[PDB]
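Novice: Using only what follows, build the 3D model:
(chains A, B and C)
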Amino acid sequence: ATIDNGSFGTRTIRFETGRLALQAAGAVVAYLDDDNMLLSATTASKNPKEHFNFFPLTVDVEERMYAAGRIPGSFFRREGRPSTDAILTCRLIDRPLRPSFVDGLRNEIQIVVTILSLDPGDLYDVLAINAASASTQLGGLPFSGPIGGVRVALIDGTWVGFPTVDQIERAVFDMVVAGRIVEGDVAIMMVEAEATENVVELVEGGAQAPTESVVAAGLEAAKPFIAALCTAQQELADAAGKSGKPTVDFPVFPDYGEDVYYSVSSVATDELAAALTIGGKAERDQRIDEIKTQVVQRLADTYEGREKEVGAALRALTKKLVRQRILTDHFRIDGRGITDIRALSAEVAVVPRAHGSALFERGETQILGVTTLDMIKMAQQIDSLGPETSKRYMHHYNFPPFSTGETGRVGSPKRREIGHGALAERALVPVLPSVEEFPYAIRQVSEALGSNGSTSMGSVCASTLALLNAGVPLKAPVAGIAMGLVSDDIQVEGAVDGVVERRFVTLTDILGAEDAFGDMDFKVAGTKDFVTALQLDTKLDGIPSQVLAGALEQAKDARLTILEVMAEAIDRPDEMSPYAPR
Amino acid sequence: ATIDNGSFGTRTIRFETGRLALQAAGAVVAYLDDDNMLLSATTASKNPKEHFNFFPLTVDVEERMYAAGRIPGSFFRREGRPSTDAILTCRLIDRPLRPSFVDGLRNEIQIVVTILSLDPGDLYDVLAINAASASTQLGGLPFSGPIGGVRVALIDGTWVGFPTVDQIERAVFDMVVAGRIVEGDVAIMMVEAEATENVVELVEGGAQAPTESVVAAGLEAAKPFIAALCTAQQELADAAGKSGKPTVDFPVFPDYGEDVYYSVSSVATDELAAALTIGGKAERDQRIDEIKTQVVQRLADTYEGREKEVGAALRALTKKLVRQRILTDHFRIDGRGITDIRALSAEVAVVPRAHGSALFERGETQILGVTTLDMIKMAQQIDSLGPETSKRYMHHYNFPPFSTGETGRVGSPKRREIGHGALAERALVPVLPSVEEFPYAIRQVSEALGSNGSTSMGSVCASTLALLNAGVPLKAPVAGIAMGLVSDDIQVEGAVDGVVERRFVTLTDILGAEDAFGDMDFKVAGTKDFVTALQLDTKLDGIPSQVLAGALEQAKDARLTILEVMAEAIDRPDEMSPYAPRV
Amino acid sequence: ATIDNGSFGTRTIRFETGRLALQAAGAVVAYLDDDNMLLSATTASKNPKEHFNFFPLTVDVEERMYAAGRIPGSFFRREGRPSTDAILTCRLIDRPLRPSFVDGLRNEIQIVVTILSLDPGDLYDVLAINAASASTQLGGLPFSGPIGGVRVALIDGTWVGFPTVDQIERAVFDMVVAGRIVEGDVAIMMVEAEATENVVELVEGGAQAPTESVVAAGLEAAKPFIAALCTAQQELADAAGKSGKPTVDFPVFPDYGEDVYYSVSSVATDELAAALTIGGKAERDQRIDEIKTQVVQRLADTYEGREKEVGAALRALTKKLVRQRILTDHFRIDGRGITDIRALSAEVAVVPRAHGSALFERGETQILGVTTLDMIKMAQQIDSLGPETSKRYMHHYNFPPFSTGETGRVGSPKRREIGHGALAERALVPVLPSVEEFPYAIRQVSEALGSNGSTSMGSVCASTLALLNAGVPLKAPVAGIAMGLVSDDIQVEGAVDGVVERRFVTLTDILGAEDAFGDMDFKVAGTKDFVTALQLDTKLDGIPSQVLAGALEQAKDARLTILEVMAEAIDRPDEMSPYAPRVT
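Specialist: Numbering: from 1, shown residues only, chains lettered A, B, ... in the order given. Provided below are the atomic coordinates:
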């Protein structure tokens, strides 16, 4: 509940309950220095639904303008659709909460958090995640927590926790870390990391560039704060310790109950690894399609009408066996090694009559990036509880239905599009030129012509290429890449008895299936000198520093390779387009 | 069809049909003085649906800008979403129409009324309800009407019917009354009453304040107009008399057909009143949960798969028996008396960094009110067929899903929120300070932290508290309260044979269950001197003046008690907030 | 792929594939003179749905502002809802594509076409339809094409193909023709025709007015271009010839499989034409309702639970027999002749307190038109990839649910409303007065009080009446009308054996049932001198010029009759309303 950062004063987080929203299943009011107020209320449905196929969890943040003491500027004088920052905060709170419930739950859960009072010099995302975690812990649901989040910024080589807006502009790197306590040592679920806007000028004058070692040190520094916050959530003045409640059982719907495993694993486990050794896309299935058909045919003698259960058992068995094959043989599905990158192609000036256009292809990902320019008056004007009003860089991300082959309805973007666009924009901001040198309004649009998985950083590279082609002077090109990590308790029979120990394997250019098979995923973006944007999320209970460092160096090597590949086409700013405005 | 108010000329309402919209089931064109034109068309579906659980009735008013001779100001030059006044009129017409059809109907009904020509000095809500009632009467549906609505304003001690905008600003009280004819004497279903903006200055100079006796006199004065309008609807030039049509039977889906009553009322009617005498919230059920389980278990021998029917029979039997217990023992479910008010709590300056903030709790209702101020330029700009353009007082009402414990989707407000917010704003307007003395833009927001039933006037009191805390000088604090009334034909055995006669009981602070058990509900809001906002709606066929007057005095006493309770915390305007703007 | 219009240079259309959007079922990039770029991608669902009752086909055009090199003017700086021109183009591409698939298909089909680069002096609708047709041909679906579209404008008596914006303002008539190849000669499915804004001044100085013969000549002139475009689609550098793909079978759900016909046609075919000879609206059914009830009752012995199949068989049999009766007896259902017009009524100044108001009734169609005026500042401001920015004439079309008797939800307009409103506005534009003479903002609204079928041109006439009543000086009143055509292979037994030959019958004032029974429908609008708006759509494989010409003259006669009927009420501009605003 208390944070001492050293010479920058102290911060206090307070958690109150029992006074507001008594009718809800759980409700917690969060105080930041008795100056910021917010309220989190979580309720659960009574009768679960059965037609749905996943866990129906909903999050709703509500920014209210009366906190800022200003009537809304809308024509009808009312706050309507959620803002982009609200959607980003909703995603940030939802991400470390879904992998914390009992699998297969069916009762609907809704978490509503509303801003009550906001200091103009502070932000509310971390307070929001803390209050939501405390409320859902007090709710009484099968929730495996509590979770704790901390925001830490690097200034003058020091990692100060919970910085304000007046302290972040003079920082070189910012962390938002969400983790829990397993046995006393923290276990991080997620982290979101961004470099500030003026990092280049700061590091030029003597400051330390945000390299990978600094990132690891920053991730290490945030653990005591998370531990203190979790302890406060557990045993504050009004916490779960003083408000013990009975736990009500919730019905759980599993994919396979008890028996389909004891059949399939004993009848359909010949090799289940040699069928995937063909290595040809046109001959991918080639053996195990017949295996699946024969299994679903000949097993239709004891379990009738339960094809979903047999499908779930088959897919789970295949996933486990390919995981074991990955761990032992170090042989990927596509035949690539653990440090291989798929085929690359970069084309410049593909769309005519445009200020800048480029096409970037990696494996199956294929992204077309277009950039335009106009008068400086065209900058976006926004107003919310946040301290941001102007936005000279407008990045839009489009994921049409025909990218993945399915059919749907083209229309309003989802939250995933907002998240990916925000991530790419925040990765590309720090290298932008100054307004005085280059006064213009830059609108970059990235359309997903073809997708297979992890296509955001392909869009990042394509946007860099298009910005360079348009003639915009960038300080240095910025690349991106995605990496995965599989950790498992493997058994070696060299001793008696079989010794079980944890082993880690890091993979490059993970597809959707690769992400499904793995347990940790992360994405690294940056330039030749330092990283800019980082996003990590997993469900492990600990990780040695050596393997994390090695994965970071592998990511750096892959990013350098991608940068060198992309620099072959165009490495210098191009001539201004005749249609561009002066 | 004709209204003679005395020295203020006469008004004429005309109902025409047979010329427009022949394809519809019913269609009526309404003329107001041959200067206002509107059209009402009602149609019914053919095959009723079965998955729905209530009566699917829809109302749609359509304000068209070409009546005002002005191109819409929208960017796309088209009238899109309905306006707030349209939603209010939709609610006003829908309210006295739902309790007029055969219960359990399943065929969808849609009533669409569109404005065709509007005089800038007149309103259209009462003409709308009249035209819709006439059209649905001509449709041929199982509709028990017709209904009639009248607008009556009090000026110079006289109740003039159908006032214009140039006559309402000099009034002290306004009535909209909707009623029908049962045996010759009118039977009012609904009434909506509001005090004007400049009532204080008018009553200060010699006019009569709108007290409860004046309200009763005004409600009494509107009956002849309703009778004349109903007679015109019945027997005008083009009415139901000259346009007789066959009545087509519509399938009716009941909760219990014929037999579940003869079982449950004979096997599960031991006391059904002693089980609710526990009086503890944690021990509320405590006897009748087991009764319900045993009834639904042991009766699963003749009716299988009809648990909905047995549930409906059980709930109806319990409602009837608790109604009888209320009538005879005068003992409420919670143990409170017929003139009791639940626990009260008022807190001021609860939300920091705000111009004004307050919290008000009554029983289970818990409302947080916040008020902010800004420049006078921030006044809301609107434009419609109505004569209103500016709105210095902006009241918003929020009902989040977690107030009542359920889960839903937070998003666009429904019509109930619009109605409650409009009611609270109209109740709080007349006491506002003048623009010259207090030039500011006032935006009040009321969020329902906790709800149990009838939480709008809790929001009214909370908004009054927040406005006082912000430093806004109000003429007098304004309170609100809700009351219920149960009337039933009780039998006394003191004579031979058993004498059946009507008895009335008035209850204070009605919950949802109390509203379900009763037959009449009303809500009274106002200050220590006079009332401001009134809303009444019921389904009775008559009421003596004495019981209505007594209920009004009981409401006045409860409102005075609430005002005295709330005045203990803060009774004077507070200091201006340092974050507030100076203008 | 190449268009030579004579002295106006040449145009080139290029179709590329295999480079973009590989994951889709089909994808084609379209080049217009290497200056306009667009992309069409079509994909199909895997498992078809069964609860739906029609073919689920969706079209989506996407105008992207980065083609014009301009940040969107929206508050959130993003292109949101589709524009009116986008909806019109969506309808224009969807219309000649639905009657080209195997009937009863259930797999969902989605066609998404996005603008990539647009020349400010060119349009994209015809390139859009061409690219979509090529993509759906390359997709591998059961698609009976390919289709070709051509835009042809008449300037100086010459029909130049693919005109630009700098060439259309000096034209007298514009055609968009979509047709295919059956045996070598083209077969037109659809055509959309409009007269330019300044046609009156042009034809006054010596140019030829766009009469019916000129329309027929223009429809004849566009065929070689369609043939060349279809040949290019078939055998270009990257076309279906070099990209042969297997055809995957798609399940087909029919209304009646094989047997219900052999029962109903043998047991319930006594006359099926005498039951409809009553001629009274209140006694319409009067015989065949009992026939339907007895058929559905006594046949419930072999097919149980298949009432939908028996209903489909009954309705199909009735349609075929009434078609034969129409062909042979020349006797319509309502008893009217082949050149009859239903009852007409026109009323002026019906809605009080309005600049102009009128009511027009024809048969069962009943339309109330209202027109208002305001300051010239009130002109609509729009911005898109198109070259249009201002719109002084704003026509709105409303179709409330209670017009046809059903119940629904009143709200956002559908695409049909947009299409009908755009058609009426484009028909009424060329006769509008000049801005300098009549500086005002004109907003006309047409509400469908009662509808039976083909009620758009009733709205056109009502809007003309209301504009005349408001005092707006029009050059000449404009009327509209709808006509149908039924062509069938009838057999005459005067020779041995029975000689089968094609016969055509043209009908006036077609209702919904008449449109269902027929095979060709068209709508003609215009003034006493020339036509303005034309819209034709059918599914024939050829038509002689003589019958088309005769149908055109019949339409002209009906339009003249309607004009003479409507001119009886008011024929001159009326006095300005006291509520109207004055600009002086």
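Novice: now stretch A:204-222, how far from the chain's geometric center?
Specialist: 21 Å (C-alpha atoms, centre = their mean, to the nearest Å).
Novice: With stretch A:91-109 instead?
Specialist: Centre-to-centre, stretch A:91-109 and its host chain are 15 Å apart (C-alpha atoms, centre = their mean).
Novice: just stretch A:334-343 next, same as before
Specialist: 24 Å.
Novice: Only the C-alpha atoms, please, for the helix or strand that residue A:126 is a member of, written as CSV.
Specialist: In this assignment (DSSP states H and E), residue A:126 forms part of helix A:125-139. Output in CSV follows, covering the C-alpha atoms of helix A:125-139 (Å, rounded to 0.1, in the frame of the first residue of the first chain):
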residue,chain,number,x,y,z
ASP,A,125,-4.6,2.1,-15.7
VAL,A,126,-2.5,0.5,-13.0
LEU,A,127,-4.9,1.6,-10.3
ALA,A,128,-7.7,0.2,-12.5
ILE,A,129,-6.0,-3.3,-12.7
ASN,A,130,-5.3,-3.3,-9.0
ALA,A,131,-8.9,-2.4,-8.0
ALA,A,132,-10.3,-4.9,-10.5
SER,A,133,-8.1,-7.7,-9.1
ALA,A,134,-9.1,-6.8,-5.5
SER,A,135,-12.8,-6.7,-6.4
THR,A,136,-12.7,-10.1,-8.2
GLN,A,137,-10.8,-11.6,-5.3
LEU,A,138,-13.5,-10.3,-2.9
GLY,A,139,-16.2,-11.6,-5.2
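Novice: Tell me the first helix or strand C-terminal of that helix.
Specialist: Remark: after helix A:125-139, the chain's next helix or strand is strand A:148-155, criterion DSSP H and E.
Novice: In the stretch 101-250 of chain A, mark out all the strands, start to finish.
Specialist: Remark: strands assigned in the stretch 101-250 of chain A by DSSP state E, counting those that start in this stretch are A:109-117, A:148-155, A:158-161, A:173-181, A:186-194.
Novice: Just tell me which of those ends up closest to chain C.
Specialist: strand A:109-117 (21.1 Å; C-beta to the nearest C-beta). For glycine as for every other residue, the C-beta is placed from the backbone atoms N, C-alpha and C.
Novice: What helices and strands are in contact with that closest one?
Specialist: With contacts defined as 3 or more C-beta pairs under 8 Å, 6 or more residues apart in numbering or on different chains; DSSP states H and E, the packing partners of strand A:109-117 are strand A:36-44, strand A:57-62, helix A:125-139.
Novice: Using JSON lines, lay out those together with distance to residue C:358 and mean neighbour count.
Specialist: JSON lines is the format used below for these (distance: least, C-beta to C-beta, whole Å; neighbours: other C-beta atoms under 10 Å in any protein chain shown):
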{"stretch": "strand A:36-44", "distance to residue C:358": "57", "mean neighbour count": "25"}
{"stretch": "strand A:57-62", "distance to residue C:358": "51", "mean neighbour count": "19"}
{"stretch": "helix A:125-139", "distance to residue C:358": "60", "mean neighbour count": "25"}
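Novice: Make JSON lines out of the ones you listed and add distance to chain B.
Specialist: Converted to JSON lines, these look like this (distance: least, C-beta to the nearest C-beta, whole Å):
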{"stretch": "strand A:36-44", "distance to chain B": "5"}
{"stretch": "strand A:57-62", "distance to chain B": "5"}
{"stretch": "helix A:125-139", "distance to chain B": "11"}
